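Enquirer: Let me start by giving you these chains from the complex, positioned as in the assembled structure:
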Amino acid sequence: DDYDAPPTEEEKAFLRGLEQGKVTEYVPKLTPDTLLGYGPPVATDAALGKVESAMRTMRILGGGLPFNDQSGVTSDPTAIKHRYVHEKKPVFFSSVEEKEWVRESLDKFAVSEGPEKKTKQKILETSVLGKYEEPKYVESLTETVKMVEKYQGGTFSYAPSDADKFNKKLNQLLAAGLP
Amino acid sequence: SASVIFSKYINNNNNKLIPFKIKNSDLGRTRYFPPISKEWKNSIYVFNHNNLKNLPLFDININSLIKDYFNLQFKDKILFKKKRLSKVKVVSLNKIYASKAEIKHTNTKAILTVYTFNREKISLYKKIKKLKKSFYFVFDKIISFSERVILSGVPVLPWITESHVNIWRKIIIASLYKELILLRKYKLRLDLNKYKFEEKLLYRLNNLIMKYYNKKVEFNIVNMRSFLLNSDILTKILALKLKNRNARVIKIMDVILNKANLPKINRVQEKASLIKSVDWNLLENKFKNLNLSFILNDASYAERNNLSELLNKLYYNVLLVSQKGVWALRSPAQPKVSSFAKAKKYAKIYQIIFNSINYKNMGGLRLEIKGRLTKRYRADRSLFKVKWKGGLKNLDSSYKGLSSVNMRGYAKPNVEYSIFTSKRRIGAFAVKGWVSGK
Amino acid sequence: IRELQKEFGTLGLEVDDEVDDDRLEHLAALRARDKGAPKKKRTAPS
Amino acid sequence: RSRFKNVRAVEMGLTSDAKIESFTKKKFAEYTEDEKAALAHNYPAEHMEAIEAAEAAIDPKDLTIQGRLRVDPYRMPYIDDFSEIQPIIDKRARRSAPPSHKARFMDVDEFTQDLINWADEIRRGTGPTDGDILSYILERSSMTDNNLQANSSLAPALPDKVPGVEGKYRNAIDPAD
Amino acid sequence: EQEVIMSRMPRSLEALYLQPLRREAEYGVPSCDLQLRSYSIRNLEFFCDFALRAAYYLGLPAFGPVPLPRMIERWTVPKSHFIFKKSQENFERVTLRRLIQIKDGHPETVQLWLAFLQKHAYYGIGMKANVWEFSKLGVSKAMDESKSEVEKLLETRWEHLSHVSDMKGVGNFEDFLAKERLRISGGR
């Protein structure tokens, strides 16, 4: 005797709620704060464009991930602890709710509230204030070192480290071709 | 005054005025525009194409990763299952089958779609449902029988600390150990199968897949009732079946085909063409001058000036009762909903949404098996078998004449092609499969 | 898969590496009929 | 001259600016003070904020001079308020709490306590009914996360009988076989 | 406890079944050029409509969608992985695009329009925008006076970023940004 009773009407109605779903609520919410983080990082005169370019720089330091404030609050605790401790690099949280989830997920892990003072100025220095180093004009063509720095300062392809690698070998060559 | 540059962009005004013309020609209905996500696995466009050249390769990695994620199973020691330490390779079929992922990319996130056929829940649910209802009823009596004998005097209270509960909890386990391991065994196996679709475990897989696209991945796992509704799941089921040396190739195809139910059809009517006639019920043919300044200006009807009333005479309104009537709103924590959300009846809305979907019913099936599928361990010529049931044509265009939208310029919109490659002890073989929608 | 087996290995979940486990079965079969690899020589030929 | 042409507004009899106002107030009359109260008594507070702003943003004069009917293939085939989230025709709602990382699958000891806790919660509202036992195998979490009901990513299921699919199939299989 | 017979439905809902209303520009000076792109038309055509509906509530008079010339790439590859070159076939990748131009739009308001579109972006569409803004002379000063004004708006946003004291993994800050922007971009 191996007989299974067909699903009862009560059971059917119960499964529907789980599979089909239920009539939940929906609360409209749209303020400039709910749109902050998705705006265009443009260096306009409007403060909104400058506040967004600073939020973008915090994401490049945090790892570069996009500002996703609607896809949950989960993350990788084992990897954020290594980056934050073993690499001593920054970490960007799209929301505070995501910051408290990593705290409750790790045994005695403390995440600093906010960045330090110097880090706030280094971000406003270049991303907001936009303070550069004007490449000076070189008149004489024999000014090798000065002429190279001019070209290296007028293009973002040559990074501070790449320019140093260049200047290292250059100065080594100029010094080896003298009497 | 004004800036000289602000004036040099105003004079550049040669714009064409919106004419609001009146249509004098009859318009036919538009085609059935199929979903965009079904054309390419990745529905994406990036302005920097250096984030687009790896997607074809990642797909293989993701699919292999997701395939192994839906096969996760408890360690036999965690459930006290007394693993049989055999050296054979078990060919298991009662697991979760998945299809090739289909990702909808955005600059902010990626929605990963995957169609599954949960064959493990079909068995676990029915079996655990055999447990009599008296088990929980009799178990509830032991909780009341143990709170009058062990935690009482002579045959929750302030004079009962938690220290006594620890010992009180072991006695129940001491007499029901072999019984609680059985219930817990099926409860965990069901929860595991249930959490593979919830965020309790998907948040772990999101991290592994988030290292390829560098975006938060959202999942849209779809459950299938039968495995014959997706070519990816069908060709993988037949492949595992044929991996056995003693598998009867030709007879396994007949069992699968017999499990495919095709809808009744009137051959003469199904193949009958359609005549082209002006459909005067179309919103474009009904009002040829769509300007509201002409439709509501007492054109033909009287005292229907209200715009809302006009819309009700064209669309099915859910808020109203009787399809056409009037909106009657009641005069003067809990969920924030309306005072009529419960009164709304989505009986005809379900019939409007699912009628505008084409290729719902499965109308075609084709299975091809090609490769080394012999029994004896020797060199033998290849084998080839083909079976089918129903047609893979696009009836709306092949017979009726309606215009279709081919996918990628060459593929039919209603056919799902998939190939699965496996190998026997003597060589490799493939399993192709076509599944079509009427 | 090795990085998926360690992410879910803390929850007591297991998963078979159908690729590696198949590669290991092919090697074991060869040793059965004495067709495996020879002892890796770690010295000059002499 | 404006961005739009008055050709369609001059034939009906709205050549003058004062004539277009008589049409707007007659056809697109604003909500009365009574309707607002009834509309604010049925919809929640937040839903009313978006309604009051829409009637100030969308001026009636625009609907008369350039308002036309929508006939594109992307228009919604039916009318609805879209106030709530429906079971099947809407994406599954995600209102649960995030999962716990340290949560582990219950053991025989923890499993017993959870089973005891479930037996005391239902015995405070014979014995356990089928609905309570059916809400324990499908909704009682066996993880050490305080019975969390995580938001499922499973797409909403379809009706018990899909329109266009039901009434066309016959079961070839026979229980007599 | 009575029933009120609503004369009409909310204008917000009635505006969803009409064509996207457009505001009239007084001067006609472009303030934004949003160019959408995709390999399909049903999502591009649809989002373009959704964008115009948001530009009306914000008072931005939008012009479009202007269908720009579609970009077509072509590749002819042999059907076989071997000698059989006499049999080839053509492939292509058509890029369908549109253009929504906003005239006489407030700078900050336009950034809200663009912010709203990115949050609710439709899958399979790439968007690029060019914003035009007027300004006085002496940009150096202006960009210096507005340092405190931006510090007040970021007071409640510094919580996102958090790092250990004296970050040692970054080293040279300016160099970190440069080479970390390449990695995310993909190389350039």
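Expert: In hand now; what should we look at? Residues are numbered from 1 along each chain as shown, chains lettered A, B, ... in the order given.
Enquirer: Measure how buried residue A:92 is and give me the count.
Expert: 21 (other C-beta atoms under 10 Å in any protein chain shown). Using the backbone N, CA and C atoms, a C-beta is placed for each residue, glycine as well.
Enquirer: quick one, what contacts it?
Expert: A:58, A:59, A:61, A:62, A:63, A:65, E:160, E:161 (C-beta atoms under 8 Å, 6 or more residues apart in numbering or on different chains).
Enquirer: Could you rerun that using 6 Å?
Expert: Contact analysis of residue A:92 by C-beta atoms under 6 Å, 6 or more residues apart in numbering or on different chains lists A:58, A:59, A:62, E:160, E:161.
Enquirer: Give me the subset of those that lies in helices.
Expert: A:58, A:59, A:62 (DSSP state H).
Enquirer: Go ahead and confirm residue B:41 touches residue B:102.
Expert: Yes. Applying C-beta atoms under 6 Å as the test, residue B:41 and residue B:102 come out as touching, 5.4 Å apart.
Enquirer: Within the helices and strands, which one has whichever residue of chain A sits closest to chain C?
Expert: Distances between chain A and chain C by C-beta to the nearest C-beta are smallest at residue A:78, namely 8.6 Å. Assigned by DSSP states H and E, residue A:78 falls within helix A:77-81.
Enquirer: likewise residue A:151?
Expert: Residue-wise, residue A:151 maps onto helix A:144-152 under DSSP H and E.
Enquirer: buried residues in that helix?
Expert: A:148, A:149, A:152 (16 or more other C-beta atoms under 10 Å in any protein chain shown).
Enquirer: nearest to chain B, of these?
Expert: Nearest member of these to chain B, counting by C-beta to the nearest C-beta, is residue A:152, at 24.4 Å.
Enquirer: residues touching that closest one, list them.
Expert: A:158, A:163.
Enquirer: Residue E:187 too?
Expert: Contacts of residue E:187 by C-beta under 6 Å, 6+ apart are residue B:50.
Enquirer: Go ahead and add chain F:
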Amino acid sequence: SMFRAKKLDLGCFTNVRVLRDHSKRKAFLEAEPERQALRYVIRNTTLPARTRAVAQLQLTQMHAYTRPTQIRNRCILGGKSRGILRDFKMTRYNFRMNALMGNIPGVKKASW
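Expert: One more chain to add, chain F, which I have set with the ones above:
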């Protein structure tokens, strides 16, 4: 041999030459600014003759891997180097098969 990573980092199709072309793209990334200073001093006719002769000799001593002309695109799925498409990092064939299945976004069979 000295530039081959002791721990494999390649996630695509691994090959004897795919592993050899990958070691050249990394060695050139480290020496590009240094290799561009030797090519600049050689072409700068304003510097002394000896200065340009020393750079010309040091550029010749750089390892072959450092040379950028040694880099050649390879299929990330097959490992071949003949008939590779820059837009897909695949052979003309692998592009075809994937384009028809739908794995390459946007690509469609062309008819006109």
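Enquirer: With chain F now part of the structure, what is the answer for the buried residues of helix A:144-152?
Expert: Buried, per 16+ other C-beta under 10 Å, within helix A:144-152: A:144, A:148, A:149, A:152.
Enquirer: Repeat that for stretch B:308-319.
Expert: So, applying 16+ other C-beta under 10 Å, buried residues of stretch B:308-319: B:308, B:309, B:310, B:311, B:312, B:315, B:316, B:317, B:318, B:319.
Enquirer: quick one: which of the buried residues of helix A:144-152 is nearest to chain E?
Expert: residue A:152 (12.6 Å).
Enquirer: gap between that closest one and residue A:160?
Expert: 9 Å (C-beta to C-beta, to the nearest Å).
Enquirer: repeat for residue B:137
Expert: Taken as C-beta to C-beta, the span from residue B:137 to residue A:160 is 75 Å.
Enquirer: Just the ones of the buried residues of stretch B:308-319 in helices?
Expert: B:308, B:309, B:310, B:311, B:312.
Enquirer: So is the helix holding residue A:78 next to chain E?
Expert: No. Shown here: helix A:77-81 not in contact with chain E (C-beta under 6 Å from any C-beta of the partner chain), separated by at least 10.2 Å.
Enquirer: Show me what that helix is packed against.
Expert: In terms of contacts (3 or more C-beta pairs under 6 Å, 6 or more residues apart in numbering or on different chains; DSSP states H and E), helix A:77-81 is not packed against any helix or strand.
Enquirer: Please identify the buried residues of that helix?
Expert: A:77, A:80, A:81.
Enquirer: residues near residue B:32, how many?
Expert: 16.
Enquirer: So the residue lying closest to it once chain neighbours are set aside versus chain C, what's the distance?
Expert: Leaving aside its chain neighbours, residue B:32 sits nearest to residue B:358 (5.2 Å; criterion: C-beta to C-beta, 6 or more residues apart in numbering or on different chains). Residue B:358 sits 38 Å away from chain C, taking C-beta to the nearest C-beta, to the nearest Å as the criterion.
Enquirer: And for residue E:116?
Expert: In terms of C-beta to the nearest C-beta, residue E:116 sits 37 Å off from chain C.
Enquirer: now the sequence for chain G, which goes on the structure above:
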Amino acid sequence: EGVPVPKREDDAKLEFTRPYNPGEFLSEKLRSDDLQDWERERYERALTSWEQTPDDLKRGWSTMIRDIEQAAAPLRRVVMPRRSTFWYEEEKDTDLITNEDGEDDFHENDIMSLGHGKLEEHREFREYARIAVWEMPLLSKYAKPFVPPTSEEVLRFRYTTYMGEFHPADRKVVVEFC
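Expert: Alright, chain G goes in next:
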């Protein structure tokens, strides 16, 4: 090292090997083997209370556990696979083996995968209609009217954005003045 050997030393030791009643269990527990002195008092008071009830009360307990054993009897029964089975032909996991009675029948409650792409496309059109009916109107509360530039605004800068995408060309700034 060497040829891999199997790992057969995998097993979970069950706590109890046979069902123990409160008396026997407490007796073995309170054998003065290893436990805190004060903790041994708790068990003692429990055992003392256990040996203070009527025989019938104890008798019922013995039958109560036997009634639970029969309640979970059909859950540990090895169901025999059907003669012409399809799913359990080579299933070496006796637990999952069911009767295969109406497990592959179509209840007319699903569409093909191709139909789910068009249904999931409607679930999104509603998600965008819900935004244009309830969230868009709130954008009018923060809009600001356009004001024409004065005589001092002589420059017209241009900034390009890629809407959340890193493109090297998103750093150029064009300026045009008369």
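Enquirer: please look at the neighbour count of residue B:32 again, because chain G has been put in.
Expert: 17.
Enquirer: ok, and it, which helix or strand is that part of?
Expert: Using DSSP H and E, no helix or strand contains residue B:32.
Enquirer: follow-up on the earlier one: could I have the CA atoms of the helix holding residue A:151 written out in CSV?
Expert: The C-alpha trace of helix A:144-152 is given here as CSV (Å, rounded to 0.1, in the frame of the first residue of the first chain):
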residue,chain,number,x,y,z
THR,A,144,66.8,68.3,-22.4
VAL,A,145,65.6,67.6,-18.9
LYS,A,146,63.3,70.7,-18.8
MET,A,147,61.9,69.9,-22.2
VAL,A,148,61.0,66.3,-21.2
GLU,A,149,59.1,67.5,-18.1
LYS,A,150,57.2,69.9,-20.3
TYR,A,151,55.9,67.0,-22.4
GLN,A,152,55.3,64.7,-19.5
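Enquirer: Could you confirm whether it reaches chain F?
Expert: No. Judged by C-beta under 6 Å from any C-beta, helix A:144-152 stays clear of chain F, getting no closer than 6.7 Å.
Enquirer: list the contacts for the spatially closest residue to residue E:23 that is not a sequence neighbour?
Expert: Leaving aside its sequence neighbours, residue E:23 sits nearest to residue E:61 (C-beta to C-beta, 6+ apart; 3.8 Å). For residue E:61, the contacting residues are E:23, E:24, E:25, E:103, by C-beta under 6 Å, 6+ apart.
Enquirer: which residues touch residue E:63?
Expert: Neighbours of residue E:63 in contact, by C-beta under 6 Å, 6+ apart: residue E:101.
Enquirer: Report the beta-bridge partner residues of it.
Expert: Beta-bridge pairing for residue E:63 (DSSP bridges): residue E:101.
Enquirer: and if you look at residue E:128?
Expert: residue E:35.
Enquirer: pretty sure it is touching residue G:161, no?
Expert: No. Using C-beta under 6 Å, residue E:128 and residue G:161 do not qualify as a contacting pair, with a distance of 7.2 Å.
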